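# A look at the structure
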Amino acid sequence: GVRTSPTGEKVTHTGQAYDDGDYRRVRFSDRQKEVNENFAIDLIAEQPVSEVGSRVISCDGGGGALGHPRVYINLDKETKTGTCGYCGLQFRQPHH
Amino acid sequence: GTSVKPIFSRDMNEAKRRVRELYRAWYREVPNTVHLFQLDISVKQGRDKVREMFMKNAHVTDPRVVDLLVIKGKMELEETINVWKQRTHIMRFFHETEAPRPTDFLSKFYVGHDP
Amino acid sequence: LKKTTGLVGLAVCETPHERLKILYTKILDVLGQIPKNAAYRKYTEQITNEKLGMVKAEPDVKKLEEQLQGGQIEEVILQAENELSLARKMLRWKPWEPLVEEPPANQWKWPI
Amino acid sequence: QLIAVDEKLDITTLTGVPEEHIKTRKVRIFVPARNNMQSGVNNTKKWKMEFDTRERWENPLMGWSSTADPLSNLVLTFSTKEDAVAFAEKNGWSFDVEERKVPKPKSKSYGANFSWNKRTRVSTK
Amino acid sequence: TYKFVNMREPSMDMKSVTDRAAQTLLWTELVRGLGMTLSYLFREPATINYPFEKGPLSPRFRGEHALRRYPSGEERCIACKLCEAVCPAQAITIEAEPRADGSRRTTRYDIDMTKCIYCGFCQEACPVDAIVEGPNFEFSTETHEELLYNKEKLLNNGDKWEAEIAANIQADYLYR
Amino acid sequence: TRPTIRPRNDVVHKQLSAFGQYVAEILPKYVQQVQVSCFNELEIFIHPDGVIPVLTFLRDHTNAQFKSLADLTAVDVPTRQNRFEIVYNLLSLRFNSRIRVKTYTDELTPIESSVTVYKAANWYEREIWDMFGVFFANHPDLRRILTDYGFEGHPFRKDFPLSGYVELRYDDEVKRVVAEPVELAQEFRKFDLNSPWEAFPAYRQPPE
Amino acid sequence: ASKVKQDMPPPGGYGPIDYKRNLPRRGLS
Amino acid sequence: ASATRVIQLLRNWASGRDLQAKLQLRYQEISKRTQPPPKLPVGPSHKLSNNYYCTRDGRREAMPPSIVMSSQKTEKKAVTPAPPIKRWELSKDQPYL
Amino acid sequence: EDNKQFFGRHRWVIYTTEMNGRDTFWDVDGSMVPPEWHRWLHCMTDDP
Amino acid sequence: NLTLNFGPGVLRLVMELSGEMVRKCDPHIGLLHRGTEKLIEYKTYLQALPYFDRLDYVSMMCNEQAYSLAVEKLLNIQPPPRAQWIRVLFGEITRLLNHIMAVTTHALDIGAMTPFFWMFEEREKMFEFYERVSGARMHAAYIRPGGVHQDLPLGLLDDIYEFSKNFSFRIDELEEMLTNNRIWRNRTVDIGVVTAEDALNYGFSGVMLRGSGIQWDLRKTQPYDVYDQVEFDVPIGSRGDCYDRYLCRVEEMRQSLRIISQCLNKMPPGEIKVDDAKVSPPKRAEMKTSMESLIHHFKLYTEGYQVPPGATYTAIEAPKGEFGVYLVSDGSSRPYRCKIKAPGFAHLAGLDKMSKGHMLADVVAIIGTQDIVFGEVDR
Amino acid sequence: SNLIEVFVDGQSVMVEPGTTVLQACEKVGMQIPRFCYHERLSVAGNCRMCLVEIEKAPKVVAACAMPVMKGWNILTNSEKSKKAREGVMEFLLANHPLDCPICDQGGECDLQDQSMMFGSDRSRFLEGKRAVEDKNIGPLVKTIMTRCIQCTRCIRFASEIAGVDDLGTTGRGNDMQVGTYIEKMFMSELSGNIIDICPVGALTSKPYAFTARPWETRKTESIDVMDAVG
Ligand code: SF4
Ligand code: SF4
Ligand code: SF4
Ligand code: SF4
Ligand code: FES
Ligand SMILES: [Mg+2]
Ligand SMILES: [Zn+2]
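Per the PDB record, the structure was determined using cryo-EM to 2.9 Å resolution.

Set out below in structure tokens:
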């Protein structure tokens, strides 16, 4: 999900865009501005929430040694979903 | 006490003699250098620069420091005689390309945070 | 006799026993002028006496090379000359005297 | 053989430092404070000499941090305060010295937790 | 043990002297060298027809850098700043902040490719395999500025080279 | 001692200690201290006035004959009164051994040059003068060897800035390479890596 | 399970490697 | 090498040695570019017991150098830094070139 | 591919006439190979 | 007697000529002084390792090995046996690379220029091994102060054996080009003769010693990794001229081939770095599954290991001579001092004496036979 | 005076009566490893990291809590005390999470530094770790209790220094947790200091979250001007 600046520029995933009065825009005229189209926040927002029937789950990011360090996530708080600190995946206990 | 090992001189008279010798050598070398490296300065300007470089160290009162400075000065003189140095090195003494840094309080206050 | 010792610039010494004897006698003569209690004197006296005894006790050159543990007797003459020059230099220097002065308090303190 | 000269040491003319970086800079001689994020005290043993902070600005390209003085990252280590002060005077730098701060000893006692009538009685543990 | 290289004594009989004289007067060794060069002329050269053939490389080869992401598509970098700390040339600049969802992500990740020495320390100090030094080596530039990479450029490089980057990591990750 | 620990040699330790005591006995006028490392390295600390004698002895004595000068360097410790530390590394081929001689000096006291003993020292000494400012007396030709012509300051001193004071560019106004005060687009990031919780109790110092 | 597998010389080692200088003589007096 | 027999004969005669036996261009005789996975055995200190770290730490066994004749604080035969180096042998594999 | 040739010449590529936006009949370079064929072509693997 | 300046490795040479003769020769160095030794003081030991590849950029892994040995001696650890065998193997490969460089460039400066290509093909092959083992052709940084960074890929030893079994005829073709050629002999025979005493006093090492008849070698007299478990001969010169040193370097190539064969046959199994995770980082899997391993990986790649205080001088027999490092540690992860001793410094210092009463063209031959790479000279 | 003579590694020191072993070791010049002892807080004796050996005494004592008596020889570098430190660090790290890259206390963690100096370099823990739910005690302190090592230092600071008694321990054994047991915000003018005392990243600064690493930062010693305390 790439947005467009009021001037006409593309806003990066960090929210960076030169405003109307900033001269540095001249570096892009007759050239292009490098913006990555794939936004990690939007891509991780659409992931399904995994359902496990255990009070504590483990996440290694998938792939074993090719992922991130293994972590353990508590699912006692039924208000929200447990999120991996590295991967950003979500886990949640089967309420009802 | 405060007794130390000498380098070349024992008191200030001998150091002053060596300084005078070095000044004579640089003074005689100035026009030969100006011609040889094909300078843009005059001989009077070069000798004025030599005088300024000498006067920069006029506040030294230690014969050891003075004769070590004299050793260094002979080193650059030897560099200049043998044309080890390029044209650029000789100029590095004049700072021709540097903007003039003002010294009054108001100018420094306006230009930047530098005290 | 052999030729081409193998070291560049080092010549083959015909009749090396006489040269060794003269050099060791010169070394002892120079050591004589050093004070008796100086460590350098006694150590070099012991060394030179041992080597002179070995060279007077072996007319051969190959067996003498094996016993002297230096090899290439010409190198033994060279080292004898070096020792003689060092003996004269140290007689001039007089290094048996006490220390010139101690270093400052933390001169050799490491770390910092 | 010995000059036996009587004058304070000053090697300023021999170090090659520009004139402006000598009479304008102000060195600070101090024992660095303990990082309160950690309880270790091995970084508070030696004395440090450091220069004053000068201007840093943002690079128009890439937005990096640009500086103009050479002595920004220069930190020197000394065994004692007197050694650091002697070095600063010899090099012709004006210095500020503040004395070492040592944590005063404290009377710790576990049995004071379980006090019969004093207020050191801990609520839990 | 030791060998002698040049302590061979030539023979002084008439046959050896005559052989040496014939060598001097008829130039036998020069013709021998000519024969060696002629022999080398008639064998296949070792040249490859660049850019159609390419020199052999290995999965361990390290060229242009890239920032990878998880199969879900969310970037692996967690702003731990270990690559910045290990970089021998100080060629990495990192700035981070909490994201909209509270994730620990970088808001600035620059590599100065004119300062980089391509040692691979960054890709081996990374705990999450986010920064890698991929197999691309043909990225010569017409200006100095375009060799100053930012986060978007590295992310595009990762998206562009992910296929063979992942293949190489699969081939070589058991040695790491 | 498992395969993860470097093994100790005791024969060489004892031999080096005995030879150090021998050198100390022969030359009590100059030798101030003798040390043997845990990895069998013998180092001798002497008074500066004994550079020419001691080295000569080590070069010329029959028991020593340290004929080779491996390296000559200087170490800068600003906290010491005698700032600079001159180190001579010698190799003996006859006895297959190595020795180290250590000396101290400051900015103004010169050191006698050992060119008369080892020719190899010549260039080495020049480098020291170029990099630390230590003056060597009675040198055949003492001048800069590494730095640029007219370079001001000695870069290997601990108080010299890492990036120097001046930088070189080309100016089309004067049509030549000029030197200007240094300005860095990205300043060198200074990392504080020293940790608390000392690592080696064997090197602990008294708390004065 | 799996047994150790790393780069090792083959059983019985490798074949002899020639290293001596080989300068043949063509032959004519 | 796909060289005709006459050219091989010419090159071998010119060089004086058999070139086809040992060619300087690499062919199918090299190892394959795709290899099986390795296993890479573990080190010696990968034990689960009797593996306390204080017993296998090299760094903490380093000690400050031993001082002899701190100047601030008998026959006596002379010594050498080490026993003299014994003479080398003359390579009874190819003593001379 | 031609396995009868020596190593280095046993694999090669004939570049296309027209890439994304220019005519590459004459202007070809090694950056036109896609990553999978880049891995196969540089002999990082035996499997196309 | 005219003074002329051969200006712009890159070298400036100030020489006075009396006709054809050379009277005084003065090399002016520092055109490649980058200030490496000062920059090392601002890095950790692991960060300071890659500087040694660039020191002597023709024999990289030898500088890596010397630095690693010095740091190991200061740390009081020893590498595993397989790491040592790999180190000696790649050191001999590096020696082959350096000697090819030296001989081929010497001949190229003389004017031969054909063996340059003939042997740079083999240099390219040797480069592939470096690339395969580490991922970089030249500045690999493979040898680490605890061992080696990674293990050999499963097909490397077979390719090394296949390369090394055909190298002898390459050396033989080189010898056909150069050894018996009369022009090469007249260019190199009786040129730059140095006596044993003068070579020893001036600080020479390596072939400059061995060419003068001095029987010295650090791999034999003071062996370091496994060099006492391999057998090889040490060629010794007789006249101290350029021709003798050329022969010595060629015979070193052959002896390096011999050692390479022995190292291939006796490669042992095991790990590749010291199994002490406070000096060498743990494996990626262990780091990603264990807590101590993660803490140690973090601390080693951010702060580094602390080396106990002390000073060492560690020297190895690099292909150019005795290459040493004087390393001083104050007890932190950042070395206090790193002096680097390269044989090129002493050799170029002795150049002035080596070229007394020679032609102008012989100075090129002398510089070539000294094999001076100015990265190690200037540092 | 009434000073008693004790020995640390065979070196004599004169200490006041009531002085602990840890303080005597400080006087000689050694810092005993610690996790729960704070010189500004009361003694707890929980973590057992400060276990040191007394000569001719078969049991190790807790240095932070054990008063020293005349004639003892404290053996800080004995094999017994080193093994005690290694075991205690192993137990501390058994259930700790692999969160170092994402932890705000990366290069300034006492757990990491004391594991590098006084612990082993590998694990023999083959089980699954525990995980606890994070608390929410306000917008100033970020709470990740999975990193908590239960040194009860925040509890002591809140109860004694800040005079606020909402922190505590709920539960028994391995699943004992630190918190308020209710949705409550730990609000006081001294609430930020629990960030400093906590040796681990369990309590961190929320406005500082993810912003920097300790080695990057430059430290400038200055004065507060928010009030007249200075
Ligand atoms: S490859 Fe090396 S130099 Fe380049 S960014 Fe990574 S760590 Fe820095
Ligand atoms: S690239 Fe890797 S090492 Fe660098 S900050 Fe991101 S996660 Fe950390
Ligand atoms: S609290 Fe310390 S040991 Fe635990 S994850 Fe954070 S940095 Fe690592
Ligand atoms: S939150 Fe921190 S200070 Fe409080 S008990 Fe846990 S580890 Fe100790
Ligand atoms: S510090 Fe003493 S038991 Fe915790
Ligand atoms: Mg905290
Ligand atoms: Zn995850």
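## Considerations on the overall build of chain K
The helix and strand tally for chain K stands at five helices and nine strands. Scanning chain K from its N terminus toward the C terminus, one meets helices and strands in the order β-β-α-β-β-β-α-α-β-α-β-β-α-β. The C-alpha atoms of chain K give 19 Å as radius of gyration, which agrees with the globular expectation for 230 residues (17 Å, within 12%). For chain K, with 230 residues in total, the buried portion stands at 56%. Excluding contacts between residues fewer than 6 apart, the proportion of contacts in chain K whose partners are at least 24 apart in sequence is 63%. When the accessible surface of chain K is summed, it comes to about 10300 Å², and 55% of that surface belongs to carbon and sulfur atoms. One way to put it: in chain K the 26 positive side-chain charges average out to a point 5 Å from where the 30 negative ones average out.

## Some details on the coordination of the zinc ion (ligand 7)
Between any two of four tetrahedral donors, the ideal angle at the metal is 109.5 degrees; between two of six octahedral donors, it is 90 or 180 degrees. All names here are of chain A. Summarising the metal site, the zinc ion (ligand 7) is bound by the protein donors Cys59 (SG), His68 (NE2) and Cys84 (SG), whose distances to it range over 2.3 Å. Going along the chain, you hit the donors of the zinc ion (ligand 7) in the pattern C-x8-H-x15-C. Residue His68 is found in the loop between β2 (56–59) and β3 (71–74), and its partner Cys84 is found in the loop between β4 (82–83) and β5 (90–92); the two are separated by 16 residues along the sequence. In this structure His68 comes out as buried when scored by relative accessible area, which is 0%.

## Quick word on the interface of chain A and chain E
Contacts between the two partners involve 21 residues from chain A, matched on the other side by 26 residues from chain E. For the chain A and chain E pair, buried surface summed over both sides reaches about 1900 Å², with 54% attributable to carbon and sulfur atoms. Of all residues in chain A, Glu34(A), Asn36(A) and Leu66(A) bury the most surface against chain E, accounting for 30% of the area lost on that side. In this assembly, chain A and chain E are joined by zero salt bridges. Linking chain A with chain E are eight residue pairs in polar contact, by the criterion used here. The residue makeup of the side of chain A that touches chain E, split by class, is 10 nonpolar, nine polar and two charged.

## Observations concerning the site of ligand 4
Taken together, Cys148(K), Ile149(K), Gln150(K), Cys151(K), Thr152(K), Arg153(K), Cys154(K), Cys198(K), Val200(K), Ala202(K) and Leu203(K) make up the full set of residues near ligand 4. Residue composition of the shell around ligand 4, grouped by class: eight nonpolar, two polar and one charged.

## Regarding the site of ligand 3
Within the structure, ligand 3 sits among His96(K), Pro97(K), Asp99(K), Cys100(K), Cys103(K), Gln105(K), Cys109(K), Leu111(K), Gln112(K), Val200(K) and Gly201(K). Taken together, the residues of the shell around ligand 3 sort by class into six nonpolar, four polar and one charged.

## What to know about the sheet that holds strand β5 (residues 75–78) of chain D
Either a parallel or an antiparallel arrangement is found when strands of a sheet pair, and the pairing is made through backbone hydrogen bonds. Residues and elements named next belong to chain D. Across the sheet, which stays open at both edges, the four strands sit in the order β5-β2-β1-β6 with mixed pairing between neighbours. The open sheet has two edge strands, β5 and β6 (94–97), and neither has a second partner. Here the strands of the sheet are splayed against their neighbours by 25° on average, with no regard to which way each runs. Relative to β6, strand β1 (residues 26–30) is paired through four bridges, and the arrangement is parallel. Its bridge partner lying in β6, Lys26 is registered against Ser94. Contacting β1, β2 (47–50), β5 and β6, helix α2 (residues 81–90) runs over the sheet at an angle of about 160° to β6.

## Some words on the pairing of strand β9 (residues 337–341) of chain J
A regular strand carries its side chains on alternate faces of the sheet. All names here are of chain J. Burial analysis of β9 places five of its five residues in the buried class, which makes it a mostly covered element. Residue alternation in β9 divides its side chains into two sets, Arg337, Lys339 and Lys341 and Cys338 and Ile340, and both sets are buried. In this sheet, β9 lies alongside strand β8 (residues 321–329) in antiparallel orientation, the contact comprising five bridges. Its bridge partner lying in β9, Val325 is registered against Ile340.

## Remarks on a negative patch on the surface
A contiguous patch of negative charge on the surface is contributed by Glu101(C), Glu102(C), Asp49(F) and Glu112(F). Positionally, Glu101(C) belongs in the segment after α4 (73–93). Here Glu101(C) falls in the partly exposed class, since its relative accessible area comes to 46%.

## Focus: the arrangement of the chains
Most contacts, among the 30 pairs of chains that meet, fall between chains F and J. What separates chain B from chain C at the closest point of their C-alpha atoms is a distance of 14 Å, and the two make no contact.

## As for empty space enclosed by the protein
The volume enclosed by the largest cavity comes to roughly 200 Å³. Residue lining of the largest cavity: 16 residues in total, with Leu46(J), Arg144(J), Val279(J), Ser280(J) and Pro281(J) positioned closest to the centre. Within the residue set of the lining of the largest cavity, elements represented by two or more residues are β5 (147–148) and α15 (291–302) of chain J. Its volume calculated, the second largest cavity comes out at about 160 Å³. As for the second largest cavity, its lining consists of 17 residues, of which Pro70(D), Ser72(D), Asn73(D), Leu162(F) and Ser163(F) are closest to the centre. Classifying every residue of the lining of the second largest cavity by side-chain character gives nine nonpolar, five polar and three charged.

## Points about the sheet that holds strand β3 (residues 21–28) of chain J
All names here are of chain J. Strand order in the open sheet made by the three strands is β1-β2-β3, with antiparallel pairing throughout. For this open sheet the edge positions go to β1 (2–6) and β3, each flanked by a neighbour on one side alone. Across this sheet, the average inter-strand angle for adjacent strands is 20°, counted without regard to direction. Taken together, the seven bridges between strand β2 (residues 12–18) and β3 define a ladder with antiparallel strand orientation. Residue pairing in the sheet places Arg12 in a bridge with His28 of β3.

Cut-offs and rules
- Residues numbered from 1 in each chain as written, not as in the entry; some residues may be left out.
- Chains lettered and ligands numbered in written order.
- Part of a larger assembly, values for the part shown.
- Heavy atoms only, no water.
- Residues with missing side-chain atoms left out of burial classes, pairs and counts.
- Helix = DSSP H or I, 4+ residues; strand = E, 2+ residues; numbered from the N terminus.
- Rg over C-alpha atoms; globule rule 2.2 N^0.38 Å.
- Buried < 20%, exposed > 50% of the residue type's maximum accessible area, 1.4 Å probe, protein only.
- Contact = heavy atoms within 4.5 Å.
- Areas by Shrake-Rupley, 256 points an atom, 1.4 Å probe, with all protein chains shown as cover.
- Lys, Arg positive; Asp, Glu negative; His and termini not counted.
- Charge placed at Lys NZ, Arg CZ, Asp CG, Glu CD.
- Donors = N, O, S within 2.8 Å, 3.2 Å for Na, K, Ca; no water.
- Buried area = accessible area lost by both parts, 1.4 Å probe.
- Salt bridge = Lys/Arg side-chain N within 4 Å of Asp/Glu carboxyl O.
- Polar contact = N/O pair within 3.5 Å; in protein donor to acceptor, adjacent residues only side chain to side chain.
- Nonpolar A, V, L, I, M, F, W, Y, C, P; charged D, E, K, R; others polar.
- Near = heavy atom within 4 Å.
- Pairing = 2+ DSSP bridges.
- Axes fitted to C-alpha atoms, helices over the stretch in contact; angles between N-to-C directions.
- Patch = residues over 30% accessible without salt bridge, like charges linked within 9 Å, V, L, I, M, F, W, Y side chains within 5 Å.
- 1 Å grid on protein atoms, 1.4 Å probe; cavity = no way out; pocket = protein on both sides within 12 Å on 5 of 7 lines; lining within 4 Å.
- Points joined across faces, edges and corners; volume = space filled by probe spheres on them.

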